[PDB]
Amino acid sequence: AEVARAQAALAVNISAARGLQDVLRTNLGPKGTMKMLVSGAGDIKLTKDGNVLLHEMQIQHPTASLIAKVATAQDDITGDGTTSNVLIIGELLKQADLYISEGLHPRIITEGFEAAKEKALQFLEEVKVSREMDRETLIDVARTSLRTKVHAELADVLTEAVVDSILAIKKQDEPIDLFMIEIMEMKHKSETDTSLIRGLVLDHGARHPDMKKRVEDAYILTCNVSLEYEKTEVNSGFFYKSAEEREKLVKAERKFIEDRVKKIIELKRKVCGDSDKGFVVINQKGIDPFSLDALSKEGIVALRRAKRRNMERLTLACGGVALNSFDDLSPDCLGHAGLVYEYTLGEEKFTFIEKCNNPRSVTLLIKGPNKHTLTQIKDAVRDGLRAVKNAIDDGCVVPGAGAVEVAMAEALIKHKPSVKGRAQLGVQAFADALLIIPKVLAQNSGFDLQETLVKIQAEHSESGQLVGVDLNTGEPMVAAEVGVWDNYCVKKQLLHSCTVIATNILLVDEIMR
Amino acid sequence: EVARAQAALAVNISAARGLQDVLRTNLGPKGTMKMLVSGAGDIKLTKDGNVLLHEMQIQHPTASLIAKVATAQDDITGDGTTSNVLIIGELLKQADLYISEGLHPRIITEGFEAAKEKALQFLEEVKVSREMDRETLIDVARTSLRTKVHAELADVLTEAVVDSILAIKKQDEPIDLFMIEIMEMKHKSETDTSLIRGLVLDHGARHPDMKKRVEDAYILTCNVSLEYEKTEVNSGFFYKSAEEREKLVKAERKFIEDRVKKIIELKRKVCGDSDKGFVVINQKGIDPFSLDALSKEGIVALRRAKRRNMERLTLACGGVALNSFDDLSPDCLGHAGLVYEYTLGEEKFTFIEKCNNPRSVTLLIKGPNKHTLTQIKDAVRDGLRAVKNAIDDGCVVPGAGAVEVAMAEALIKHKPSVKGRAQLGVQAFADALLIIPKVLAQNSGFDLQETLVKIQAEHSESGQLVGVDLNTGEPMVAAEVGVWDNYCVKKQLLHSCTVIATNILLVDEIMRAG
Amino acid sequence: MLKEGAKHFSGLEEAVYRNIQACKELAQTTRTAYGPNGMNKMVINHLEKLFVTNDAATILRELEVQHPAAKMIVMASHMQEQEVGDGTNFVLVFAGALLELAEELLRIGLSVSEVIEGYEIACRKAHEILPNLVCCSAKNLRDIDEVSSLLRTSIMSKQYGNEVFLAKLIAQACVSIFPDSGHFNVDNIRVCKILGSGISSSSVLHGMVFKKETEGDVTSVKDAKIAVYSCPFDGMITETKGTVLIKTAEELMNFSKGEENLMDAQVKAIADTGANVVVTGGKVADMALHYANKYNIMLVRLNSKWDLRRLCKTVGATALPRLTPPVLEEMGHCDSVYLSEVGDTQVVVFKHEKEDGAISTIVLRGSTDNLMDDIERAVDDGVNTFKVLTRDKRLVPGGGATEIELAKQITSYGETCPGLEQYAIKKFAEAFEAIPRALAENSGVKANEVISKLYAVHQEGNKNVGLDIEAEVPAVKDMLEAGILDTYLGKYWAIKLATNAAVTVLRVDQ
């Protein structure tokens, strides 16, 4: 079959690499924009996240393979640098391609990349300082982290709720949040808003007037296999088949209901006294109006529709045990929630299980009237938290906003590699690949990239002042000053995926078809 | 037809490379010859930048425009046109890269100039003031001829070069419009390159055996008619008057045997013997029987001379010019300590040689008489102007890129402005310098990168001027090597490279119309 | 170019690819055109004249090529032939062969100067061991078989069949008659073909052979004051009149009568100018001729410019139209001026032969000129293959034996030398087998058979090939030991001249 040979085998690779990469430069930093990718769903995705648009819909390329490979882990490792991980290699390549365009080995030009990344990783290790887990210190990062991920006003509006999520951690060890992400979504009258709630919240509740609003002593009966059955941990069968069967089926349900609500109410009677202490059954299916009423007059707080994953964080928050039945139970299995509350904002009834015995979780209620809003404003949350958590997860952090960028480039002293130009050339595209971070930011504003960038060097060419593109104005700033800082996980890891994939290019000297 | 701005600049810069690239060895011994059978449609051979330009009918304005200013250096140096084109388009390569990324075409053109200076300042800084001896000029001779021809061919050439200019250095004339007398000769081989401190006489006298070896040359360069003409000629000519023709027949040979006796007496006055050689050279025809009278007197009486030769005869000999031989003192005619009347082929080419006070020195080459025999003549002749510059400038620096890096270094080693703005220009500017050795080294050998990091680190380690082995690709101390840049040559083309590269960067449209 | 610009028909493909092939096809023609061969190549002139030759320049002169590649080099074989006889048919093919090794080196990616010099380097090395290849020298230029041994070669180097008696008759033509000490004359030695008899019947008449009719009575004296005239008699009459015949009638009878004694006048003034023979580039005039028969002036009714040339050349003659009583300028040279019949045609003969003015004019009998021409082609060379103007020619093996000798030698050195220089010097000693491959074809065998043995014969300076069955299986002839030898000289030239261009012709990409 068809074999692509030599520079033809090289071209479409670097061609589909850099060009599609060049497609993406509307973004990466608050001076970047959102980028619209409509998936097969007809969904409107306006995103500044690089990790996102790769996998969703990307013009068919063999090169579309390795790009989806690396920037995945970039969102996986850090959560940021993903919008960053795009723009490095093309610069590196466009610069490196010259040497090959000048007839030098992708082999030897590989070897300067590898050699150069060290002293930048060194520089990263050098130019970083410990940027403490203090929320305000993380704010400046969370401020800036979401910026490279998304729009400032969106990067900003989350930064409040963002670090608070990573603030409630138990000394959790993750670079990212898991349980601090509890995504509640409401159709709102404000497109961008998020309600940050500590601990788990349940998707839907069940409200009843006799049902206690805020339960400070809450013995949590997690519930399943609902009132439609009679003391069964297994869900039984139904006959709706014939219009007559539907009639004779649903009447016995009351008794099936009656059993469980009974089993429920007397379970409150054991542990809680009669109504004396608050009580909560959480019925993770619907709550039948009798038992909805009958548990309510009981003093029980009966909760409709908690998720199986809500079930999962449920018994950890109250520190209790889940039950798949409504039925009399050892009191230990009833979880004690120092707070069970249920909050109805509009249509949705948000159960607040608070004073979570494990505050492994917090809850983010995502707002928007519109999908793309509700879609996107959720997106910024998800990457940024993962990113921003690195600011708390790593006491070390490292300056963002270009401050460090021109430095390693200045310090690289490409002639210092003297061996061939195996290194000495591959370091040249390297300092170039370094500065794409100030470029696009200096780019996206007025002037040029260089016009500001050439300041940034000549500015930091006065050494020790770590200067970079002021994130929005495309003009100089010192990123160490404001605290605009990219995660120790952002900047350290990023070079790794960058150096290897552009190398993978250079190691492919042939593509058969 | 029109192309705007960006589209205007492409046709400019795009036209340069391939054009430019053909010359990637036009310089040093590695320089590759190029043959026009197509220039006018005629078989030829050439290496020079400006010359090859004009030689080919060159259709593109890009090709067209520099040849005009490339005429300047080839006028001045004669070579480095063999060079300059290379930095120029590589410079053109640089500026676009900004505008490619985007940047204003002004500021890049703007940023070349302090660059054009700080580098020219480096010229002041690098220029190696040398005290010219024939040997120094020998290696100056061969560095321009290596650019031209074989260093082998540079050898027999070098002699006459540094020797011809050697007698004009006596004259203390820093330039040579004399001792530029060159001769080509019938031979199987263009190898022969001969040096006559005097002249060489194309025309032979219609009478052989007059004085075949003129030892003492007493030269009256004479417009004189010793052929008035012998028979019926009236004013010297035929006409419509018999009455005048009837009177005008006899005085002819009388006016001639006059000038015969005017030479006869002159010879014996100049000589009194046939021992001391003697020469008469007519700008016109002479009677052979006049000659016959004179050829037997010890003269070589010559005819139909070329007024140009008369000069170097009148000058390098200190010769003289009259319309009447009369008698003149023996010394009253200019002199060449020997005259050698020389036939190779069927024509005697008389060497009036060691012409007393030569201002002119004659360079004979014997050859197959092809554009081969041309490819040698041009070769020496710009080196002549090149080595002439070494008379001009006391500063000659080596070539082979020993200059470029160290020059390209500083302005790159530091932003000479410490502006990105200028460095935009400068990084564009100071970069193109390296084109010459880096291709030549790779033309001859290994990738530029090594020699570059060599020559740089070398210069960085040395500061000694180290330059390519132009058939290897390895840097060698180019001063000692002898590949040598007149501070004349390099500085000019530097200016020449940049001074054009600006307003041509500034052509933001071209309409085809006029 | 990419642009509209400049002037080139070489470069890129052309330089590498197309010039080499322009450097190929004609060398490809010359391969069995040189050396012992049965190859034959038909050619038509601007005359449209059908003719066969294994000589190049004949073929060459009418060949036009947009490239200089094929174009420029042919001067060398001429520059060669300027020096000598054949070996010229070898000159180019030597280049073309060794050339296309470089385009391979260009495929192998070897630099020009890197490709260039090793040849040039070894071009010496050839010339260096080339004297070591002197297996003999030329003893008696007077001897026939001394000379015939050689002459057979360029003829062989032209064509295989007729070489022998040619090599005989050419020394029987007495290349002897000159010292050839630095004095040798092919103006005094001319090949003049009688159309008639045989070519084995072809003779050599020492003294000018002019097959042109000896007109009327022979020379006044044998030291002939010679009047060579382009148009000595154009007629003395003009008949223009009333009728351009008669109107006043007796005015006619004047000039047709008054014409002829003006031809007498001229002819008497041929006897009066003193010419012992008058020579008419123009026509003879019968009354004049009759007067020239009275005055017994030898005449030539009609004279080729070629005639007039050699006439004007050697006599010191000047061919002139004369409507006047003639003037000797031409005068004499030749001290015996005769009439011969060879092929039984009147041969105007001029002989002064001094060993220096010595005229030995080959007179070719034959019933075909194309015959006597492709003959004269090899005959052109043999005399000037004989013409070295070293009486001692340092005779080196003929036929190409010296080739394989240095094939081993210089590639063994080409082995020893290092670098990319190697194949440069190595391809050099590989340039020989081309003709040992070329003639091996017309011989009827592959060159490996040839060359392996031409290698396995190792150092010989004898063992070689050509058109032969000895050239077939054995890969052995005596291209020395049989009497087939070569002057040391053209070797140096056939070597050197082609090496220069092959180097040079590539370097120009324009």
# chains A, B, ... in the order shown; residues from 1 in each chain; ligands from 1
$ interface_residues --of "chain B" --to "chain C" --cutoff "10 Å" --atoms "only C-alpha atoms" --output "PyMOL selection string"
chain B and resi 11-12+14-19+22+29-47+52-64+188-189+368+370+442-445+471-472
$ interface_residues --of "chain A" --to "chain B" --cutoff "6 Å" --atoms "only C-alpha atoms" --output "PyMOL selection string"
chain A and resi 420-421+454
$ residues_around --residues "residue 50 (chain B)" --least-positions-apart "2" --cutoff "8 Å" --atoms "only C-alpha atoms" --output "list in words"
residues 48, 52, 53, 54, 67, 70, 71, 74, 81 and 82 of chain B
$ write_last_selection --atoms "N, CA and C atoms" --output "compact mmCIF listing (two decimals), in the first residue's frame"
# COMPACT_ATOMS: atom_id res chain seq x y z
N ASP B 48 31.41 35.45 -11.30
CA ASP B 48 31.39 36.62 -10.42
C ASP B 48 29.95 36.96 -10.12
N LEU B 52 28.14 37.75 -13.69
CA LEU B 52 27.12 36.77 -14.06
C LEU B 52 25.74 37.41 -14.18
N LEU B 53 25.42 38.34 -13.28
CA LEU B 53 24.17 39.08 -13.40
C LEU B 53 24.02 39.71 -14.77
N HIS B 54 24.91 40.64 -15.10
CA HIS B 54 24.80 41.36 -16.36
C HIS B 54 24.93 40.41 -17.54
N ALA B 67 22.11 44.09 -9.41
CA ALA B 67 23.18 44.16 -10.39
C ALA B 67 23.59 45.60 -10.65
N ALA B 70 25.09 46.12 -7.35
CA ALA B 70 26.19 45.15 -7.39
C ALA B 70 27.25 45.59 -8.38
N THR B 71 26.88 46.43 -9.34
CA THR B 71 27.87 47.02 -10.22
C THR B 71 28.87 47.85 -9.42
N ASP B 74 31.64 45.54 -7.81
CA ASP B 74 32.43 44.99 -8.90
C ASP B 74 33.21 46.10 -9.60
N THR B 81 31.06 40.93 -4.89
CA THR B 81 29.91 40.60 -5.72
C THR B 81 29.81 39.11 -5.90
N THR B 82 30.96 38.45 -6.06
CA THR B 82 31.06 37.02 -5.91
C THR B 82 30.56 36.56 -4.55
$ atom_distance --atom1 "CA of residue 363 (chain C)" --atom2 "CA of residue 39 (chain C)"
26.6 Å
$ atom_distance --atom1 "CA of residue 100 (chain B)" --atom2 "CA of residue 436 (chain A)"
15.5 Å
$ residues_around --residues "residue 96 (chain B)" --least-positions-apart "3" --cutoff "12 Å" --atoms "only C-alpha atoms" --output "CSV table (one decimal) with C-alpha atoms, in the first residue's frame"
chain,number,residue,atom,x,y,z
B,5,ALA,CA,2.8,44.6,0.5
B,6,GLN,CA,3.2,41.1,1.7
B,7,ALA,CA,2.5,39.8,-1.8
B,8,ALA,CA,4.9,42.4,-3.0
B,9,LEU,CA,7.7,41.4,-0.7
B,10,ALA,CA,7.4,37.7,-1.5
B,12,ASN,CA,11.2,40.1,-3.9
B,13,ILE,CA,12.4,37.8,-1.2
B,14,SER,CA,11.4,34.6,-3.0
B,89,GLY,CA,18.6,37.4,0.6
B,90,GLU,CA,19.4,35.6,3.9
B,91,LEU,CA,18.9,39.1,5.3
B,92,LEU,CA,15.7,39.2,3.4
B,93,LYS,CA,15.0,35.8,4.9
B,99,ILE,CA,6.5,40.1,9.5
B,100,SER,CA,5.8,36.4,9.1
B,101,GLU,CA,5.1,36.4,12.8
B,102,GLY,CA,4.0,39.9,12.1
B,103,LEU,CA,6.0,43.1,12.8
B,104,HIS,CA,6.0,46.4,11.1
B,105,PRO,CA,8.1,46.4,7.9
B,106,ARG,CA,9.5,49.8,9.0
B,107,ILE,CA,11.1,48.9,12.3
B,108,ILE,CA,12.9,45.9,10.9
B,109,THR,CA,14.4,48.0,8.1
B,424,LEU,CA,14.3,42.8,15.7
B,425,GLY,CA,16.2,44.6,13.0
B,427,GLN,CA,18.8,39.8,15.0
B,428,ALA,CA,17.4,39.9,11.5
B,429,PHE,CA,20.4,42.0,10.5
B,501,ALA,CA,17.8,45.6,1.4
B,505,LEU,CA,11.8,45.7,1.9
B,506,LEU,CA,9.7,48.9,1.4
$ residues_around --residues "residue 251 (chain C)" --least-positions-apart "4" --cutoff "12 Å" --atoms "only C-alpha atoms" --output "ChimeraX atom specification"
/C:238-247,255-258
$ atom_distance --atom1 "CA of residue 31 (chain C)" --atom2 "CA of residue 435 (chain C)"
5.9 Å
$ select_by_dssp --residues "region 106-269 of chain B" --states "strand (DSSP E or B)" --output "ChimeraX atom specification"
/B:129,182-186,193-196,199-201,213-214,219-222,226
$ residues_around --residues "residue 248 (chain B)" --least-positions-apart "5" --cutoff "10 Å" --atoms "only C-alpha atoms" --output "PDB file with N, CA, C and O atoms, in the first residue's frame"
ATOM      1  N   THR B 231      51.578  56.339 -55.365  1.00  0.00           N
ATOM      2  CA  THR B 231      51.369  56.482 -56.802  1.00  0.00           C
ATOM      3  C   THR B 231      50.703  57.772 -57.273  1.00  0.00           C
ATOM      4  O   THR B 231      51.394  58.753 -57.558  1.00  0.00           O
ATOM      5  N   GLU B 232      49.375  57.795 -57.351  1.00  0.00           N
ATOM      6  CA  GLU B 232      48.698  58.946 -57.944  1.00  0.00           C
ATOM      7  C   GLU B 232      48.003  59.841 -56.927  1.00  0.00           C
ATOM      8  O   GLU B 232      47.376  60.836 -57.300  1.00  0.00           O
ATOM      9  N   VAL B 233      48.108  59.494 -55.644  1.00  0.00           N
ATOM     10  CA  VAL B 233      47.201  60.056 -54.652  1.00  0.00           C
ATOM     11  C   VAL B 233      47.405  61.561 -54.521  1.00  0.00           C
ATOM     12  O   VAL B 233      48.533  62.062 -54.450  1.00  0.00           O
ATOM     13  N   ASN B 234      46.292  62.294 -54.491  1.00  0.00           N
ATOM     14  CA  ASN B 234      46.316  63.740 -54.652  1.00  0.00           C
ATOM     15  C   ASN B 234      46.611  64.485 -53.362  1.00  0.00           C
ATOM     16  O   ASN B 234      47.727  64.986 -53.193  1.00  0.00           O
ATOM     17  N   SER B 235      45.654  64.538 -52.438  1.00  0.00           N
ATOM     18  CA  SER B 235      45.940  65.047 -51.102  1.00  0.00           C
ATOM     19  C   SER B 235      46.595  63.949 -50.273  1.00  0.00           C
ATOM     20  O   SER B 235      46.770  64.118 -49.061  1.00  0.00           O
ATOM     21  N   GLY B 236      46.960  62.840 -50.912  1.00  0.00           N
ATOM     22  CA  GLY B 236      47.074  61.543 -50.302  1.00  0.00           C
ATOM     23  C   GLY B 236      45.965  60.611 -50.722  1.00  0.00           C
ATOM     24  O   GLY B 236      45.916  59.471 -50.245  1.00  0.00           O
ATOM     25  N   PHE B 237      45.091  61.054 -51.629  1.00  0.00           N
ATOM     26  CA  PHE B 237      43.861  60.352 -51.956  1.00  0.00           C
ATOM     27  C   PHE B 237      43.484  60.605 -53.409  1.00  0.00           C
ATOM     28  O   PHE B 237      44.027  61.497 -54.065  1.00  0.00           O
ATOM     29  N   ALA B 242      41.911  66.090 -62.105  1.00  0.00           N
ATOM     30  CA  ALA B 242      43.140  65.697 -62.781  1.00  0.00           C
ATOM     31  C   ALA B 242      44.203  66.770 -62.609  1.00  0.00           C
ATOM     32  O   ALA B 242      45.346  66.464 -62.256  1.00  0.00           O
ATOM     33  N   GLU B 243      43.822  68.037 -62.819  1.00  0.00           N
ATOM     34  CA  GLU B 243      44.743  69.160 -62.654  1.00  0.00           C
ATOM     35  C   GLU B 243      45.518  69.061 -61.351  1.00  0.00           C
ATOM     36  O   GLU B 243      46.735  69.281 -61.322  1.00  0.00           O
TER      37      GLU B 243
END
$ closest_residue --among "B:492, B:372, B:350, B:389" --to "residue 301 (chain B)" --atoms "only C-alpha atoms"
B:350
$ residues_around --residues "residue 280 (chain C)" --least-positions-apart "4" --cutoff "9 Å" --atoms "only C-alpha atoms" --output "NGL selection string"
:C and (227-233 or 284 or 299-303 or 308 or 319-321)
$ write_last_selection --atoms "C-alpha atoms" --output "PDB file, in the first residue's frame"
ATOM      1  CA  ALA C 227      50.639  31.721 -62.022  1.00  0.00           C
ATOM      2  CA  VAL C 228      47.794  30.647 -59.758  1.00  0.00           C
ATOM      3  CA  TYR C 229      44.697  32.583 -60.674  1.00  0.00           C
ATOM      4  CA  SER C 230      41.130  32.469 -59.444  1.00  0.00           C
ATOM      5  CA  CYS C 231      39.961  33.862 -62.789  1.00  0.00           C
ATOM      6  CA  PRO C 232      42.869  34.421 -65.225  1.00  0.00           C
ATOM      7  CA  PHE C 233      40.579  34.263 -68.271  1.00  0.00           C
ATOM      8  CA  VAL C 284      40.639  27.835 -69.313  1.00  0.00           C
ATOM      9  CA  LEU C 299      47.653  25.150 -67.402  1.00  0.00           C
ATOM     10  CA  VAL C 300      44.824  23.851 -65.247  1.00  0.00           C
ATOM     11  CA  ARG C 301      41.456  24.329 -66.948  1.00  0.00           C
ATOM     12  CA  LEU C 302      39.727  24.649 -63.569  1.00  0.00           C
ATOM     13  CA  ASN C 303      41.060  24.906 -60.047  1.00  0.00           C
ATOM     14  CA  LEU C 308      44.182  27.176 -55.416  1.00  0.00           C
ATOM     15  CA  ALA C 319      44.937  33.008 -56.872  1.00  0.00           C
ATOM     16  CA  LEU C 320      43.623  36.087 -58.625  1.00  0.00           C
ATOM     17  CA  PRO C 321      40.981  36.971 -61.190  1.00  0.00           C
TER      18      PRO C 321
END
